[PDB]
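As C-alpha cells, the next two blocks hold two forms of the same chain, structure 1 and structure 2.
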Structure 1
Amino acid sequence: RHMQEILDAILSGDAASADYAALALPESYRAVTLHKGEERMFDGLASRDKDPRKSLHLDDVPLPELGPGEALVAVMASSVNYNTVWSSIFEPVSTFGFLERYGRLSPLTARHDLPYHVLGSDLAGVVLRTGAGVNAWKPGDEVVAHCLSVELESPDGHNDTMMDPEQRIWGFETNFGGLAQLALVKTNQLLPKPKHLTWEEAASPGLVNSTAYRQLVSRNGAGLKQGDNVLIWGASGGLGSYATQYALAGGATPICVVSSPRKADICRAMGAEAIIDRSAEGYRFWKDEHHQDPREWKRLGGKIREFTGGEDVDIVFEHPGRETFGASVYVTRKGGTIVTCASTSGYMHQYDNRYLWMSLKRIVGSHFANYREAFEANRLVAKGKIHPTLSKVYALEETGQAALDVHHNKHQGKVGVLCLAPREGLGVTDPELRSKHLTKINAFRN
C-alpha cells in the first residue's frame, strides 16, 4: 500500500521533506462519510432518538485534486466535535445543502459537491503536498489545522476574516474533513504541532480552544480581564474545558456549571473552586413549552452570589441556548456581557429585554476564530499554558459510537479519534516539557 508507506515514513521519525515529496500518493483513502440519499432517514424522530451509528459510514473515497493555496495532509488523529453530531443527525439542516451552495462558486469549489460528505473539523498530522502559491509550508511539516475556510476575495473580511461573506467551517460546510486518513485544507488553516503532545492530544484542542479564545479572551468577544467573575456553562465539556482554563490563567474567577459530581471533581482538578451542579440544584428555567420561571432565574443568581461574596458575573459564557439563555441575561451584572456561540438546547431564544436595556447589558455573537486568534490559542498550548482535555480515544472505525457519546452527553472534555496512528501515545518530540505538565494533561482521562 502507498498508504502503509506514508505511515511508515511518519513513524520512522527521520524522513526529510524530499522523502515525503517522493512518496507515491494512494488512489483512495479511508474516511468517515455521510451519504446524500440518507438525509431523510431520521424523518419523524425526536433528536435524542437519531443514532449517529446508523448514518456514519466508513468508505474508501478517491483523492481530490489539489488546488492553489491548498495542502494534502496525512492525518494521524482527529476528534469528534459537536458539529460532527449535528451533521450525522442532519440537524438543523442537511450538510449536503451546504456543499451544493458552496459548489456553485467556481470549478474549484465544485470539487466539494459530491454524493458523500467526509466529516471532521480537527486534525494533527504531516503535510504531503502543497499547491500553487504556497511558500510557508512544505512536505513533512508536522501540523494541526484550524477549521476556518475563507476565500478572502470580497473586501468584507480584510478587517477580521470571520466577516468574509464566503466564510465556512471546514469539514461541516466543506468536504474532505479530518475524520479520515487524508485531508485537504487551505494552507492558511495550518499551525505548527505542539511538540510535547501525542497525535491524539494535539488534534483535540483546535476547534473548541480557538472558539473559546475568541469568545472569552479576545477583543472580538468578551475581552476578559483579571478580577472578572465569569459564569461558564458546560464547564467540563469541550468549549467549557478551555473556557475554564482561560478564566483561571487570565486571573479571573470562573463559576463552573456541570451536571455530575464526577465533572465537579475535574473542575477542581483544573483549579476552580466555585462549582454549581445543575442536576443537583434542579433548575427548571422553563415552566412549560412557552413560558419561563423568573423565580428560577433568581435562584441561580442567588447561588452565584454565595460564591462571589454578593457580586454578579461580569461575563456569561453561553452555548446551551434556549434552556439557559433567559437566566444568563438575568444574572449578568449591570454593564456586563453575555457571549454566545451556540444553542445546543434550541436556537429560538427568549429573554426579558428589560434586564438587557435597563442594566445596559449586551449579547455578543461569536463564531469560531480568525487565523490570528487560532494562532494565539495554539501558541498558548505550545507554551504549556493551556492543556489538552482528552478523556477517551476511539478507532476511526468506531467514530459513530464516539459521536453518540457526545450526542447523549455521556462524555467529559474531548473525545479523540485515531486515523492513521496505529495506537495512542505516539508523536511526542519534547519529553521534558511534557513531563512538566503531565498531571494536568491527563486530568480528563477516564
Structure 2
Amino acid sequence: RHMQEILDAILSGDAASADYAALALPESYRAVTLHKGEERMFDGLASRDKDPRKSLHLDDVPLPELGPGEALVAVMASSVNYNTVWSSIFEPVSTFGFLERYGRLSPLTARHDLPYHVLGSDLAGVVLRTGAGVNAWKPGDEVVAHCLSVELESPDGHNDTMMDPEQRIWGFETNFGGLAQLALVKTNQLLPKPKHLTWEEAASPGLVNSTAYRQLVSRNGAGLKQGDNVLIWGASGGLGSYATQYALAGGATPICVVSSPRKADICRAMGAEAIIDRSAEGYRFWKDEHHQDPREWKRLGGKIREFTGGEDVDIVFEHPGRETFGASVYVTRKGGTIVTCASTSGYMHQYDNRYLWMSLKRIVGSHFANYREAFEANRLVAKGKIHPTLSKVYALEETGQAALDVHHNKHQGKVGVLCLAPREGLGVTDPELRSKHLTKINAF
C-alpha cells in the first residue's frame, strides 16, 4: 500500500518535508461514513434507542480533489463529538440535505455532495499536500485542526470570523471529516500539534476546548478575570471540564454543578472545591410543562452563597438551556453575564426579565471559536496550562461503539479514536514537558 508507506514515514523519526512531498498518494482511504440511502432507517424510534453501530460504515473511499487554500492530512487520531453522534443518528435531520444543497453552488462545493458522508470534527496528524495559494503549512508539518470552515468572502467576518454568514462545521456540514485515515481541511483550520501529547491526546481538546475558551476567557464571551465566581453547569463533561480548567487557571473560583458523587470527584481531581450535586439537592426548576418555581431558583442561589461567602456569581457558563436557564438568569450577580453556547435540554428559553433589566445583567451568545481563539486555546494546551481529558480510546474499526458510548454518556472524559496510529502512546516529541504534567494529563 502507498498508505503503508505514508504511515511508515510518520512512524520513522526521520522524514523530511521533501520526503512527504515525494510519497505516492493512495487511490483510496478507509473512512467512517454514513450512507445516504439509510437516512430514514431510524424513523419512528426514540432517540435513546438509535444505535450508531448500525448506521456507521467502514468504507474505502476515493481521495477528493484538492482545492485552493486546502490541505490533505494523514490522520493519526480523532475524537467523537456530540455533533458526530447526532449526525450518526440522522438528527435533527439528515446531514445529506445540506451537502446536496450546498453542492449546487460550484464544482468545488459539489465535491462534498456524495452518497456517503465521512464524519469527524477533530484531528491530529501530518500534512501530506497543500493546494494553491498556501505558504504557511508544508508537507510533514504536525497538526491539529479546529472545525470552523469559513469562506471570508463577505466582509461580515473580518472583525471576528464567527460573524461570517457562509459558515460550515467541518465534518458536519462538510465531507471528508476526521474519522478516517485521511482528511481534507482548509489550511486556515490548521494548528501546531502540542509536542508533549500523544496523537490521541492532541486530537481530543479541539472542538470543546476552543468553544469553552471563547465562551469564558475571551472578550467575545464572558471576559473572565481572576477573583470571579463562575457557575459551571455539567462541570465534568467535555465542555464543562474545559470551563473548570479555565476558571481555575485564570485565578477565578468555579462553582461546579454535577449530577453524581463520582462526577464530583472528577471535579475534585481537576482541583475544584465548591461542587453542587443537583441530584442530591433535588432542584426542580420547572413545576409545569409551562411554569417555573422561583423558590427553587432561590434555593440554588442560597447554596451558591454557602460556597462563596455570600457572593453571587459574576458569570454563569450555560449550555443546558431551558431547564436551567431561568435559574441561571436569577442567580447571576447584579451586572453579571450569562454566556450560552448550547441548549441541550431544549432551546425555547424562558426567564424573568425583571431580574435581567432591573439588575443590569446580560445574556451573551457564543458559538465555537474564531481562528485566533482556537489558536489561543490550543496554545494554552501546548504551554501545559490546560490539559487533555481523554478517558477511553477506540480503534477506527470501533467508531460505532465509540459513538454509542458518547450517545449514552458512558464516560466523562473525551472518547478518542485511533485512525492511522497503530497503537496508543505515540507522537510525543517533548518528553520533559510531558513528565512535568503527566499526572494531570492522565487524570480522566
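Every residue number counts along structure 1's sequence, beginning with 1. Each form is matched to the other, and the largest set of C-alpha atoms that superpose within 1.5 Å is called the rigid core.
- Only one candidate in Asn370, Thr337, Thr340, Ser94 has its Cα displaced by 2 Å or more between structures 1 and 2 after core superposition: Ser94.
- Once you line up the core between structures 1 and 2, the Cα of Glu65 stays within less than 2 Å of where it was.
- Comparing the forms between structures 1 and 2, the C-alpha position of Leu105 differs by 2 angstroms or more, with the core used for superposition.
- After superposing the rigid core, the Cα of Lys54 is displaced by 2 Å or more between structures 1 and 2.
- Once the rigid core is matched between structures 1 and 2, the CA atom of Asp43 is found 2.9 Å away.
- Core-superposed comparison between structures 1 and 2: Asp141 shows a Cα shift of 0.5 Å.
- In the rigid-core superposition between structures 1 and 2, residue position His290 carries a C-alpha shift of 1.4 Å.
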